[PDB]
file coords.cif (mmCIF, C-alpha atoms and all ligand atoms)
data_my_file
#
loop_
_atom_site.label_atom_id
_atom_site.label_comp_id
_atom_site.auth_asym_id
_atom_site.auth_seq_id
_atom_site.Cartn_x
_atom_site.Cartn_y
_atom_site.Cartn_z
CA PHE E 11 45.68 72.47 -93.44
CA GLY E 12 48.03 70.78 -90.89
CA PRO E 13 48.18 70.92 -87.01
CA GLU E 14 49.66 74.45 -86.55
CA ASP E 15 47.11 75.83 -89.16
CA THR E 16 44.05 74.19 -87.33
CA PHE E 17 44.78 75.02 -83.62
CA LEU E 18 42.23 77.64 -82.38
CA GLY E 19 44.08 79.81 -79.75
CA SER E 20 41.22 79.69 -77.14
CA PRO E 21 39.31 77.31 -74.73
CA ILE E 22 37.87 74.06 -76.06
CA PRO E 23 34.04 73.99 -75.91
CA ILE E 24 32.43 71.59 -73.44
CA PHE E 25 30.72 68.69 -75.30
CA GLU E 26 28.09 67.02 -73.11
CA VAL E 27 27.60 63.24 -73.06
CA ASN E 28 24.00 62.93 -74.26
CA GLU E 29 23.95 59.74 -76.35
CA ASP E 30 26.08 56.65 -75.77
CA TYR E 31 29.14 56.56 -78.05
CA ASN E 32 30.27 53.43 -79.88
CA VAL E 33 33.71 52.73 -78.40
CA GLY E 34 36.17 50.29 -79.93
CA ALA E 35 39.51 49.48 -78.31
CA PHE E 36 42.62 47.78 -79.62
CA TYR E 37 43.40 44.45 -78.10
CA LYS E 38 46.94 43.12 -78.01
CA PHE E 39 49.29 40.54 -76.52
CA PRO E 40 52.15 42.36 -74.84
CA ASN E 41 55.73 41.35 -74.48
CA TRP E 42 55.91 40.88 -70.69
CA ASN E 43 59.78 41.11 -70.48
CA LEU E 44 59.62 44.88 -70.79
CA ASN E 45 60.17 47.09 -67.78
CA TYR E 46 56.72 48.16 -66.86
CA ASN E 47 56.04 50.37 -63.84
CA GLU E 48 52.76 48.58 -63.00
CA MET E 49 51.34 45.21 -63.93
CA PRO E 50 48.00 43.89 -65.07
CA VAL E 51 45.64 42.66 -62.44
CA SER E 52 44.88 39.64 -64.64
CA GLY E 53 48.65 38.85 -64.61
CA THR E 54 50.62 37.85 -67.67
CA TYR E 55 48.85 36.20 -70.56
CA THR E 56 49.96 35.03 -73.98
CA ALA E 57 48.14 34.60 -77.27
CA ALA E 58 47.43 31.01 -76.32
CA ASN E 59 45.66 31.84 -73.02
CA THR E 60 41.97 32.15 -72.43
CA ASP E 61 41.57 32.74 -68.65
CA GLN E 62 42.24 36.42 -69.06
CA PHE E 63 39.35 36.89 -71.50
CA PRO E 64 36.50 36.84 -68.93
CA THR E 65 38.36 39.32 -66.79
CA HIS E 66 38.85 41.56 -69.80
CA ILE E 67 35.22 41.30 -70.82
CA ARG E 68 34.37 42.45 -67.30
CA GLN E 69 36.90 45.27 -67.55
CA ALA E 70 35.51 46.19 -70.91
CA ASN E 71 31.94 46.51 -69.49
CA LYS E 72 33.37 48.58 -66.66
CA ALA E 73 34.81 50.88 -69.32
CA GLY E 74 31.87 50.97 -71.71
CA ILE E 75 33.99 49.38 -74.45
CA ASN E 76 31.59 48.05 -77.11
CA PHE E 77 34.14 46.11 -79.17
CA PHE E 78 37.77 44.96 -79.27
CA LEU E 79 39.87 45.20 -82.45
CA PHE E 80 42.10 42.16 -82.81
CA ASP E 81 45.01 41.92 -85.28
CA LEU E 82 44.48 40.09 -88.57
CA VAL E 83 47.62 39.16 -90.47
CA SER E 84 47.04 38.76 -94.21
CA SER E 85 46.55 35.21 -95.62
CA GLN E 86 49.88 35.62 -97.45
CA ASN E 87 51.47 34.61 -94.09
CA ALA E 88 49.35 31.57 -93.64
CA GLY E 89 50.34 30.64 -90.10
CA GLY E 90 49.83 34.18 -88.77
CA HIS E 91 46.47 34.50 -90.49
CA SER E 92 45.42 31.13 -88.96
CA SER E 93 46.51 32.32 -85.50
CA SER E 94 44.63 35.59 -85.91
CA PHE E 95 41.38 33.60 -86.23
CA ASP E 96 42.21 31.05 -83.54
CA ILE E 97 42.68 33.86 -81.03
CA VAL E 98 39.29 35.43 -81.93
CA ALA E 99 37.53 32.04 -81.84
CA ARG E 100 38.93 31.46 -78.30
CA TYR E 101 37.66 34.94 -77.40
CA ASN E 102 34.26 34.18 -78.95
CA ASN E 103 34.00 30.94 -77.01
CA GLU E 104 34.50 32.96 -73.77
CA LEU E 105 31.69 35.27 -74.80
CA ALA E 106 29.35 32.22 -74.27
CA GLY E 107 29.80 32.81 -70.49
CA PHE E 108 27.99 36.20 -70.80
CA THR E 109 24.46 37.55 -71.12
CA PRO E 110 23.67 39.58 -74.31
CA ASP E 111 23.86 42.95 -72.39
CA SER E 112 27.46 42.06 -71.22
CA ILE E 113 28.81 40.84 -74.55
CA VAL E 114 31.78 42.81 -75.90
CA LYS E 115 31.99 42.12 -79.65
CA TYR E 116 34.97 41.88 -81.96
CA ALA E 117 36.35 43.08 -85.16
CA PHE E 118 39.53 42.91 -87.11
CA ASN E 119 42.52 45.29 -87.46
CA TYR E 120 43.80 44.17 -90.83
CA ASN E 121 47.49 44.13 -91.62
CA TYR E 122 48.27 43.73 -95.34
CA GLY E 123 52.02 43.94 -94.67
CA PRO E 124 52.65 40.43 -95.80
CA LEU E 125 51.48 41.25 -99.34
CA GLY E 126 54.63 43.28 -99.96
CA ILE E 127 52.83 46.33 -101.34
CA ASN E 128 54.56 49.76 -101.51
CA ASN E 129 54.26 52.72 -103.95
CA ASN E 130 56.24 50.92 -106.69
CA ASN E 131 54.20 47.74 -106.31
CA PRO E 132 50.53 48.47 -106.11
CA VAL E 133 47.92 45.97 -105.07
CA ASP E 134 46.27 46.25 -108.52
CA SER E 135 49.45 46.33 -110.63
CA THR E 136 48.53 43.71 -113.29
CA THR E 137 44.79 43.88 -112.65
CA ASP E 138 42.71 44.22 -115.84
CA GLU E 139 38.91 44.05 -115.35
CA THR E 140 38.40 43.70 -119.15
CA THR E 141 40.42 40.39 -119.45
CA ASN E 142 38.72 39.26 -116.15
CA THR E 143 42.22 39.13 -114.53
CA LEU E 144 43.36 40.20 -111.03
CA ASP E 145 46.83 40.98 -109.69
CA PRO E 146 48.03 38.01 -107.48
CA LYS E 147 48.13 40.44 -104.56
CA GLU E 148 44.61 41.64 -105.19
CA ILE E 149 43.44 37.98 -105.12
CA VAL E 150 44.92 37.65 -101.61
CA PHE E 151 43.59 41.00 -100.60
CA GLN E 152 40.11 39.78 -101.57
CA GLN E 153 40.55 36.46 -99.85
CA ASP E 154 41.45 38.27 -96.60
CA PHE E 155 38.11 40.14 -96.79
CA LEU E 156 36.16 37.02 -97.80
CA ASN E 157 37.47 35.22 -94.76
CA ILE E 158 36.39 38.17 -92.59
CA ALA E 159 32.99 38.26 -94.22
CA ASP E 160 32.66 34.52 -93.59
CA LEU E 161 33.39 34.91 -89.90
CA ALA E 162 30.82 37.75 -89.64
CA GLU E 163 28.15 35.91 -91.64
CA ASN E 164 28.44 33.08 -89.18
CA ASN E 165 28.97 34.91 -85.85
CA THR E 166 26.70 37.58 -84.37
CA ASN E 167 29.57 38.53 -82.07
CA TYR E 168 31.43 40.12 -85.01
CA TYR E 169 30.76 43.86 -84.46
CA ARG E 170 28.40 45.52 -86.95
CA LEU E 171 27.72 49.20 -87.35
CA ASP E 172 24.17 49.58 -88.73
CA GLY E 173 24.28 45.90 -90.00
CA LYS E 174 27.73 46.27 -91.59
CA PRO E 175 30.76 44.34 -90.28
CA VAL E 176 33.49 46.75 -89.29
CA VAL E 177 37.05 46.34 -90.55
CA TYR E 178 39.94 48.57 -89.56
CA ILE E 179 42.94 48.71 -91.90
CA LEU E 180 46.31 49.56 -90.40
CA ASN E 181 48.45 51.98 -92.48
CA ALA E 182 45.72 52.37 -95.04
CA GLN E 183 47.41 55.41 -96.53
CA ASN E 184 50.17 53.06 -97.78
CA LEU E 185 47.78 50.56 -99.38
CA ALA E 186 49.18 51.50 -102.77
CA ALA E 187 46.72 51.13 -105.66
CA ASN E 188 46.63 52.65 -109.14
CA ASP E 189 42.87 53.06 -108.38
CA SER E 190 41.79 52.70 -104.72
CA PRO E 191 38.03 52.94 -105.40
CA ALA E 192 38.17 50.30 -108.14
CA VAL E 193 40.13 47.89 -105.88
CA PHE E 194 37.74 48.36 -102.99
CA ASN E 195 34.58 48.16 -105.19
CA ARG E 196 35.82 44.86 -106.63
CA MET E 197 36.39 43.54 -103.12
CA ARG E 198 33.00 44.81 -101.91
CA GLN E 199 31.25 43.26 -104.88
CA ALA E 200 33.03 39.96 -104.20
CA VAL E 201 31.78 40.07 -100.58
CA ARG E 202 28.20 40.97 -101.71
CA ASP E 203 28.38 38.25 -104.25
CA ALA E 204 29.40 35.62 -101.70
CA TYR E 205 27.46 36.80 -98.56
CA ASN E 206 23.95 37.75 -99.59
CA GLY E 207 24.61 41.37 -100.23
CA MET E 208 26.75 42.05 -97.09
CA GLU E 209 28.16 45.50 -96.93
CA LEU E 210 31.28 46.31 -94.84
CA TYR E 211 32.18 49.42 -92.88
CA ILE E 212 35.82 50.03 -93.41
CA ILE E 213 37.94 52.32 -91.30
CA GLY E 214 41.27 53.51 -92.81
CA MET E 215 44.12 54.64 -90.59
CA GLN E 216 46.42 57.55 -91.52
CA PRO E 217 49.56 58.62 -89.65
CA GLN E 218 49.19 61.09 -86.77
CA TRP E 219 49.75 64.80 -86.96
CA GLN E 220 48.92 64.93 -90.66
CA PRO E 221 46.30 66.70 -92.76
CA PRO E 222 43.01 64.87 -93.21
CA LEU E 223 42.96 65.34 -97.00
CA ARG E 224 46.65 64.46 -97.61
CA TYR E 225 45.62 60.94 -98.73
CA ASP E 226 42.15 61.54 -100.30
CA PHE E 227 43.01 59.38 -103.35
CA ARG E 228 43.51 56.38 -101.03
CA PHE E 229 40.23 56.86 -99.15
CA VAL E 230 37.59 58.69 -101.19
CA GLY E 231 35.28 56.13 -102.71
CA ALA E 232 37.34 53.43 -101.03
CA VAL E 233 36.74 53.39 -97.26
CA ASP E 234 33.82 54.58 -95.18
CA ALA E 235 35.82 56.32 -92.50
CA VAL E 236 39.19 57.67 -91.67
CA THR E 237 41.01 57.95 -88.40
CA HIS E 238 44.55 58.97 -87.43
CA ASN E 239 46.98 56.95 -85.48
CA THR E 240 47.22 58.24 -81.89
CA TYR E 241 48.54 61.81 -81.68
CA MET E 242 50.42 60.70 -78.48
CA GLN E 243 53.14 59.51 -80.88
CA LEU E 244 55.37 62.52 -81.16
CA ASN E 245 59.07 63.20 -81.33
CA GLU E 246 60.24 64.81 -78.12
CA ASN E 247 62.42 67.22 -80.24
CA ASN E 248 60.85 70.27 -81.97
CA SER E 249 57.34 69.66 -80.70
CA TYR E 250 57.21 72.29 -78.01
CA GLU E 251 53.88 73.95 -78.97
CA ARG E 252 52.22 70.45 -79.60
CA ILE E 253 53.07 68.93 -76.21
CA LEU E 254 52.38 72.16 -74.31
CA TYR E 255 48.93 72.76 -75.88
CA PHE E 256 48.09 69.14 -76.75
CA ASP E 257 44.42 68.98 -75.92
CA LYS E 258 43.87 72.11 -78.00
CA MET E 259 46.02 70.71 -80.81
CA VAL E 260 43.96 67.47 -81.01
CA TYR E 261 40.71 69.33 -80.69
CA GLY E 262 41.71 71.52 -83.58
CA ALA E 263 42.91 68.67 -85.75
CA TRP E 264 40.09 66.23 -85.14
CA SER E 265 37.17 68.67 -85.47
CA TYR E 266 38.71 70.02 -88.65
CA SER E 267 39.15 66.39 -89.93
CA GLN E 268 35.49 65.72 -89.12
CA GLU E 269 34.38 68.90 -91.02
CA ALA E 270 36.71 68.49 -93.96
CA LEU E 271 36.23 64.75 -94.54
CA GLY E 272 32.47 65.26 -94.26
CA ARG E 273 32.22 67.56 -97.33
CA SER E 274 30.31 66.25 -100.27
CA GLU E 275 33.48 66.29 -102.48
CA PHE E 276 34.87 63.52 -100.15
CA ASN E 277 31.96 62.08 -98.12
CA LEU E 278 33.96 60.30 -95.42
CA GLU E 279 33.29 59.82 -91.74
CA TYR E 280 36.12 60.71 -89.36
CA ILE E 281 36.59 58.68 -86.16
CA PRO E 282 38.98 60.03 -83.52
CA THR E 283 41.54 57.66 -82.00
CA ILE E 284 42.33 58.56 -78.41
CA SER E 285 44.99 57.49 -75.88
CA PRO E 286 45.45 57.92 -72.13
CA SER E 287 49.19 57.92 -72.28
CA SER E 288 52.10 56.54 -74.20
CA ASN E 289 55.57 55.28 -73.76
CA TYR E 290 57.50 54.27 -76.82
CA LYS E 291 60.74 53.98 -74.79
CA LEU E 292 59.59 50.68 -73.32
CA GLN E 293 60.28 48.70 -76.51
CA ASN E 294 63.51 50.58 -77.20
CA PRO E 295 65.14 53.27 -74.98
CA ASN E 296 66.47 55.04 -78.13
CA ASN E 297 62.96 55.92 -79.26
CA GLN E 298 62.93 59.70 -79.27
CA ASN E 299 59.18 59.81 -78.84
CA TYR E 300 57.96 61.86 -75.88
CA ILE E 301 56.43 59.96 -72.96
CA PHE E 302 52.86 60.99 -72.05
CA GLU E 303 52.31 60.08 -68.45
CA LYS E 304 48.76 59.14 -67.41
CA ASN E 305 47.04 62.31 -66.33
CA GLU E 306 43.35 62.26 -65.50
CA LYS E 307 42.78 65.96 -66.25
CA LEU E 308 44.43 65.72 -69.63
CA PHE E 309 42.73 62.46 -70.58
CA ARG E 310 39.31 63.86 -69.85
CA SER E 311 40.11 66.93 -71.98
CA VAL E 312 41.15 64.59 -74.79
CA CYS E 313 37.93 62.64 -74.46
CA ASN E 314 36.04 65.94 -74.68
CA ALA E 315 37.98 66.79 -77.82
CA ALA E 316 37.09 63.45 -79.35
CA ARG E 317 33.40 64.08 -78.54
CA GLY E 318 33.87 67.38 -80.45
CA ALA E 319 34.91 65.43 -83.59
CA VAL E 320 32.54 62.46 -83.66
CA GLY E 321 30.09 62.15 -86.54
CA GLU E 322 27.16 59.95 -87.64
CA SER E 323 29.06 56.76 -86.67
CA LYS E 324 28.97 57.97 -83.03
CA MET E 325 32.31 56.19 -82.94
CA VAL E 326 35.51 56.73 -81.02
CA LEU E 327 38.56 54.38 -81.01
CA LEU E 328 40.77 53.78 -78.02
CA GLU E 329 44.49 53.12 -78.38
CA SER E 330 44.34 51.07 -76.29
CA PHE E 331 42.78 48.51 -74.02
CA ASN E 332 45.95 46.53 -73.40
CA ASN E 333 48.76 47.71 -75.75
CA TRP E 334 51.26 47.69 -72.86
CA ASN E 335 54.26 47.55 -75.21
CA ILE E 336 53.77 51.25 -75.96
CA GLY E 337 52.19 52.47 -72.73
CA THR E 338 48.76 53.31 -74.07
CA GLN E 339 46.78 50.67 -72.16
CA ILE E 340 43.86 51.23 -69.82
CA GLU E 341 43.70 47.59 -68.60
CA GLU E 342 43.29 47.47 -64.83
CA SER E 343 46.69 47.51 -63.06
CA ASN E 344 47.37 46.26 -59.60
CA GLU E 345 46.83 48.94 -56.98
CA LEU E 346 50.53 49.50 -56.42
CA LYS E 347 53.41 49.92 -58.83
CA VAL E 348 56.25 47.36 -59.18
CA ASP E 349 58.01 49.19 -56.28
CA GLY E 350 55.28 47.90 -53.86
CA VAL E 351 54.61 51.38 -52.30
CA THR E 352 53.50 53.89 -55.03
CA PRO E 353 49.81 53.84 -56.05
CA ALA E 354 49.12 52.77 -59.65
CA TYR E 355 46.26 53.87 -61.87
CA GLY E 356 44.38 50.61 -61.17
CA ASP E 357 40.87 50.63 -62.59
CA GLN E 358 40.72 54.47 -62.70
CA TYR E 359 40.99 54.61 -66.51
CA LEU E 360 38.26 52.09 -67.16
CA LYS E 361 35.90 54.20 -65.04
CA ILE E 362 36.91 57.46 -66.72
CA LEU E 363 36.18 55.84 -70.09
CA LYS E 364 32.61 54.99 -69.12
CA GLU E 365 32.03 58.48 -67.71
CA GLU E 366 33.37 60.18 -70.86
CA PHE E 367 31.43 58.12 -73.43
CA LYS E 368 28.31 56.65 -71.84
CA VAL E 369 25.25 58.54 -70.63
CA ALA E 370 24.73 58.62 -66.84
BR BR E 401 44.55 29.97 -69.94
BR BR E 402 27.73 50.84 -71.11
BR BR E 403 20.92 32.25 -101.28
BR BR E 404 43.63 69.02 -95.37
BR BR E 405 58.75 44.06 -77.84
#
call {"tool": "encode", "arguments": {"input": "coords.cif", "output": "structure tokens", "more": "lines below"}}
Ligand SMILES: [Br-]
Ligand SMILES: [Br-]
Ligand SMILES: [Br-]
Ligand SMILES: [Br-]
Ligand SMILES: [Br-]
result
Amino acid sequence: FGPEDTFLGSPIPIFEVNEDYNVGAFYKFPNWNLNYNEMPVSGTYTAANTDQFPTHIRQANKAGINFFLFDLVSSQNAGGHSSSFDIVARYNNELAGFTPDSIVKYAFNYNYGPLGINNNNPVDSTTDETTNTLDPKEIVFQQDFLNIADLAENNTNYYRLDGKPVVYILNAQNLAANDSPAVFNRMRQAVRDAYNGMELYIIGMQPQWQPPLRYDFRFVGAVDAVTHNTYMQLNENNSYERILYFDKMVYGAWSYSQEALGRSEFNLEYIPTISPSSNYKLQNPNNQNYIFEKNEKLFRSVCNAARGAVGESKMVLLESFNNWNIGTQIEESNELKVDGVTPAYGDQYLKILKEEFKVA
């Protein structure tokens, strides 16, 4: 059942904010040459900078963000994998300026791209458990998780859900394996083996606007939870019903994903990924994706939808804290736009976030 099939043609129920929700938000380093309409109040910052981090930790507490997801490039690109950790260690060092109640923890958004896996080249291609032999790519796969487990074993600031370090895997539907559960159980056993029985909580991303069971064979027995990429990624052509009735579309799709993934045949948590806006035309004006302007009324309705789809994890993911390249950020802007006269969203979206996901 896809998006048209799952839209209920009637008002979305009100979901009250009664417990605190566990909110994670993607953290990024934007390209600052793009033509933004407003600018960050912390000013420009690169992957090498650290002065922005305290400001962002403050912003994050203003928003009720419990953890940031930072990119992790696979060890196959050695330099990029090194940088991924350097960035997080610089973040972690800035956490030492904060009390325990103000700490905003971290976790990784794992990118296996460098392994060169696709459908024709699975991660387990020459893996044979019975000759104790692993595909070269599976070795690297494992090493990427060992390195994460090592960071978490040694750093209480690595975000844990119920004692388990959280890992998000980008494009998890394309992590081609002849046997996804066997690959993941081998990796989990290797982590348990090396880190005193550590268990991980792995979130797998699927593409937006797609059925929640389309990629069961990639997720069932493999990951702990599934989410979609933001539904604010949408071709402006032939999407008339979806843009017009968006909040109802996402409500329909997410609550259905939460029900359907949660059946005993599958046994997977669903975690909604939300966005306040998007603009894919920033990186390239030929991107046909529709621009979602920031709209408070809409964003609150989306947050309500997400609350309608949350499960036992109590978890919601925000695309994004500061993914300015695609217009999804909530990072505090200056009070005026680049024109020097029009009011900008400022800190409005941090405050909305705390209202929509933390108990008053
Ligand atoms: Br700096
Ligand atoms: Br809070
Ligand atoms: Br021991
Ligand atoms: Br389905
Ligand atoms: Br770019």
call {"tool": "residues_near_ligand", "arguments": {"input": "coords.cif", "ligand": "ligand BR 404 (chain E)", "cutoff": "6 Å", "atoms": "all atoms listed in the file", "output": "ChimeraX atom specification"}}
result
/E:11,221-224
call {"tool": "residues_near_ligand", "arguments": {"input": "coords.cif", "ligand": "ligand BR 402 (chain E)", "cutoff": "12 Å", "atoms": "all atoms listed in the file", "output": "ChimeraX atom specification"}}
result
/E:29-33,68-77,111-114,360-361,363-370
call {"tool": "write_last_selection", "arguments": {"input": "coords.cif", "atoms": "C-alpha atoms", "output": "PDB file, keeping the file's coordinate frame"}}
result
ATOM      1  CA  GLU E  29      23.950  59.740 -76.350  1.00  0.00           C
ATOM      2  CA  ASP E  30      26.080  56.650 -75.770  1.00  0.00           C
ATOM      3  CA  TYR E  31      29.140  56.560 -78.050  1.00  0.00           C
ATOM      4  CA  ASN E  32      30.270  53.430 -79.880  1.00  0.00           C
ATOM      5  CA  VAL E  33      33.710  52.730 -78.400  1.00  0.00           C
ATOM      6  CA  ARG E  68      34.370  42.450 -67.300  1.00  0.00           C
ATOM      7  CA  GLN E  69      36.900  45.270 -67.550  1.00  0.00           C
ATOM      8  CA  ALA E  70      35.510  46.190 -70.910  1.00  0.00           C
ATOM      9  CA  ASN E  71      31.940  46.510 -69.490  1.00  0.00           C
ATOM     10  CA  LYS E  72      33.370  48.580 -66.660  1.00  0.00           C
ATOM     11  CA  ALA E  73      34.810  50.880 -69.320  1.00  0.00           C
ATOM     12  CA  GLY E  74      31.870  50.970 -71.710  1.00  0.00           C
ATOM     13  CA  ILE E  75      33.990  49.380 -74.450  1.00  0.00           C
ATOM     14  CA  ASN E  76      31.590  48.050 -77.110  1.00  0.00           C
ATOM     15  CA  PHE E  77      34.140  46.110 -79.170  1.00  0.00           C
ATOM     16  CA  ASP E 111      23.860  42.950 -72.390  1.00  0.00           C
ATOM     17  CA  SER E 112      27.460  42.060 -71.220  1.00  0.00           C
ATOM     18  CA  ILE E 113      28.810  40.840 -74.550  1.00  0.00           C
ATOM     19  CA  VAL E 114      31.780  42.810 -75.900  1.00  0.00           C
ATOM     20  CA  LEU E 360      38.260  52.090 -67.160  1.00  0.00           C
ATOM     21  CA  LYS E 361      35.900  54.200 -65.040  1.00  0.00           C
ATOM     22  CA  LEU E 363      36.180  55.840 -70.090  1.00  0.00           C
ATOM     23  CA  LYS E 364      32.610  54.990 -69.120  1.00  0.00           C
ATOM     24  CA  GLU E 365      32.030  58.480 -67.710  1.00  0.00           C
ATOM     25  CA  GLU E 366      33.370  60.180 -70.860  1.00  0.00           C
ATOM     26  CA  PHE E 367      31.430  58.120 -73.430  1.00  0.00           C
ATOM     27  CA  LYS E 368      28.310  56.650 -71.840  1.00  0.00           C
ATOM     28  CA  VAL E 369      25.250  58.540 -70.630  1.00  0.00           C
ATOM     29  CA  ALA E 370      24.730  58.620 -66.840  1.00  0.00           C
TER      30      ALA E 370
END
call {"tool": "closest_residue", "arguments": {"input": "coords.cif", "among": "E:214, E:40, E:12, E:175", "to": "ligand BR 405 (chain E)", "atoms": "all atoms listed in the file"}}
result
E:40
call {"tool": "residues_near_ligand", "arguments": {"input": "coords.cif", "ligand": "ligand BR 401 (chain E)", "cutoff": "7 Å", "atoms": "all atoms listed in the file", "output": "ChimeraX atom specification"}}
result
/E:59-62
call {"tool": "closest_residue", "arguments": {"input": "coords.cif", "among": "E:316, E:255, E:321, E:354", "to": "residue 13 of chain E", "atoms": "only C-alpha atoms"}}
result
E:255
call {"tool": "residues_near_ligand", "arguments": {"input": "coords.cif", "ligand": "ligand BR 405 (chain E)", "cutoff": "7 Å", "atoms": "all atoms listed in the file", "output": "VMD selection string"}}
result
chain E and resid 41 293 335
call {"tool": "closest_atom_pairs", "arguments": {"input": "coords.cif", "of": "chain E", "to": "ligand BR 403 (chain E)", "cutoff": "10 Å", "atoms": "only C-alpha atoms and all ligand atoms", "output": "tab-separated table"}}
result
residue	atom	partner	partner_atom	distance
E:204	CA	E:BR403	BR	9.1
E:205	CA	E:BR403	BR	8.4
E:206	CA	E:BR403	BR	6.5
E:207	CA	E:BR403	BR	9.9
call {"tool": "residues_around", "arguments": {"input": "coords.cif", "residues": "residue 152 of chain E", "least_positions_apart": "6", "cutoff": "12 Å", "atoms": "all atoms listed in the file", "output": "PDB file with C-alpha atoms, in the frame of the given file"}}
result
ATOM      1  CA  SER E  84      47.040  38.760 -94.210  1.00  0.00           C
ATOM      2  CA  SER E  85      46.550  35.210 -95.620  1.00  0.00           C
ATOM      3  CA  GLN E  86      49.880  35.620 -97.450  1.00  0.00           C
ATOM      4  CA  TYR E 122      48.270  43.730 -95.340  1.00  0.00           C
ATOM      5  CA  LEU E 125      51.480  41.250 -99.340  1.00  0.00           C
ATOM      6  CA  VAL E 133      47.920  45.970-105.070  1.00  0.00           C
ATOM      7  CA  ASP E 134      46.270  46.250-108.520  1.00  0.00           C
ATOM      8  CA  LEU E 144      43.360  40.200-111.030  1.00  0.00           C
ATOM      9  CA  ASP E 145      46.830  40.980-109.690  1.00  0.00           C
ATOM     10  CA  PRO E 146      48.030  38.010-107.480  1.00  0.00           C
ATOM     11  CA  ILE E 158      36.390  38.170 -92.590  1.00  0.00           C
ATOM     12  CA  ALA E 159      32.990  38.260 -94.220  1.00  0.00           C
ATOM     13  CA  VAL E 193      40.130  47.890-105.880  1.00  0.00           C
ATOM     14  CA  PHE E 194      37.740  48.360-102.990  1.00  0.00           C
ATOM     15  CA  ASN E 195      34.580  48.160-105.190  1.00  0.00           C
ATOM     16  CA  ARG E 196      35.820  44.860-106.630  1.00  0.00           C
ATOM     17  CA  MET E 197      36.390  43.540-103.120  1.00  0.00           C
ATOM     18  CA  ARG E 198      33.000  44.810-101.910  1.00  0.00           C
ATOM     19  CA  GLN E 199      31.250  43.260-104.880  1.00  0.00           C
ATOM     20  CA  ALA E 200      33.030  39.960-104.200  1.00  0.00           C
ATOM     21  CA  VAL E 201      31.780  40.070-100.580  1.00  0.00           C
ATOM     22  CA  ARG E 202      28.200  40.970-101.710  1.00  0.00           C
ATOM     23  CA  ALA E 204      29.400  35.620-101.700  1.00  0.00           C
TER      24      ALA E 204
END
call {"tool": "atom_distance", "arguments": {"input": "coords.cif", "atom1": "atom CA of residue 208 of chain E", "atom2": "atom CA of residue 120 of chain E"}}
result
18.3 Å
call {"tool": "residues_around", "arguments": {"input": "coords.cif", "residues": "residue 48 of chain E", "least_positions_apart": "3", "cutoff": "12 Å", "atoms": "only C-alpha atoms", "output": "ChimeraX atom specification"}}
result
/E:42,44-45,51,53-54,334,337,339-356
call {"tool": "closest_residue", "arguments": {"input": "coords.cif", "among": "E:220, E:306, E:99, E:286", "to": "residue 331 of chain E", "atoms": "all atoms listed in the file"}}
result
E:286
call {"tool": "residues_around", "arguments": {"input": "coords.cif", "residues": "residue 228 of chain E", "least_positions_apart": "6", "cutoff": "8 Å", "atoms": "all atoms listed in the file", "output": "ChimeraX atom specification"}}
result
/E:182-183,185-187,190-191
call {"tool": "closest_residue", "arguments": {"input": "coords.cif", "among": "E:169, E:88, E:279, E:189", "to": "residue 266 of chain E", "atoms": "all atoms listed in the file"}}
result
E:279
call {"tool": "atom_distance", "arguments": {"input": "coords.cif", "atom1": "atom CA of residue 142 of chain E", "atom2": "atom CA of residue 233 of chain E"}}
result
23.7 Å
call {"tool": "closest_residue", "arguments": {"input": "coords.cif", "among": "E:247, E:338, E:330, E:184", "to": "residue 225 of chain E", "atoms": "all atoms listed in the file"}}
result
E:184
call {"tool": "residues_near_point", "arguments": {"input": "coords.cif", "point": "(32.9, 68.2, -86.7)", "cutoff": "7 Å", "atoms": "only C-alpha atoms", "output": "list in words"}}
result
residues 265, 266, 268, 269, 318, 319, 320 and 321 of chain E
call {"tool": "write_last_selection", "arguments": {"input": "coords.cif", "atoms": "C-alpha atoms", "output": "tab-separated table (two decimals), in the coordinates of the input"}}
result
chain	number	residue	atom	x	y	z
E	265	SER	CA	37.17	68.67	-85.47
E	266	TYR	CA	38.71	70.02	-88.65
E	268	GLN	CA	35.49	65.72	-89.12
E	269	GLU	CA	34.38	68.90	-91.02
E	318	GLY	CA	33.87	67.38	-80.45
E	319	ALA	CA	34.91	65.43	-83.59
E	320	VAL	CA	32.54	62.46	-83.66
E	321	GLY	CA	30.09	62.15	-86.54
call {"tool": "atom_distance", "arguments": {"input": "coords.cif", "atom1": "atom CA of residue 171 of chain E", "atom2": "atom CA of residue 100 of chain E"}}
result
22.9 Å
call {"tool": "residues_around", "arguments": {"input": "coords.cif", "residues": "residue 261 of chain E", "least_positions_apart": "5", "cutoff": "10 Å", "atoms": "all atoms listed in the file", "output": "PyMOL selection string"}}
result
chain E and resi 13+16-18+22-23+256+266-267+282+311-319
call {"tool": "residues_around", "arguments": {"input": "coords.cif", "residues": "residue 287 of chain E", "least_positions_apart": "5", "cutoff": "6 Å", "atoms": "only C-alpha atoms", "output": "list in words"}}
result
residues 302, 303, 304 and 338 of chain E
call {"tool": "write_last_selection", "arguments": {"input": "coords.cif", "atoms": "C-alpha atoms", "output": "PDB file, in the frame of the given file"}}
result
ATOM      1  CA  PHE E 302      52.860  60.990 -72.050  1.00  0.00           C
ATOM      2  CA  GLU E 303      52.310  60.080 -68.450  1.00  0.00           C
ATOM      3  CA  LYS E 304      48.760  59.140 -67.410  1.00  0.00           C
ATOM      4  CA  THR E 338      48.760  53.310 -74.070  1.00  0.00           C
TER       5      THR E 338
END
call {"tool": "closest_residue", "arguments": {"input": "coords.cif", "among": "E:117, E:177, E:244, E:192", "to": "residue 148 of chain E", "atoms": "only C-alpha atoms"}}
result
E:192
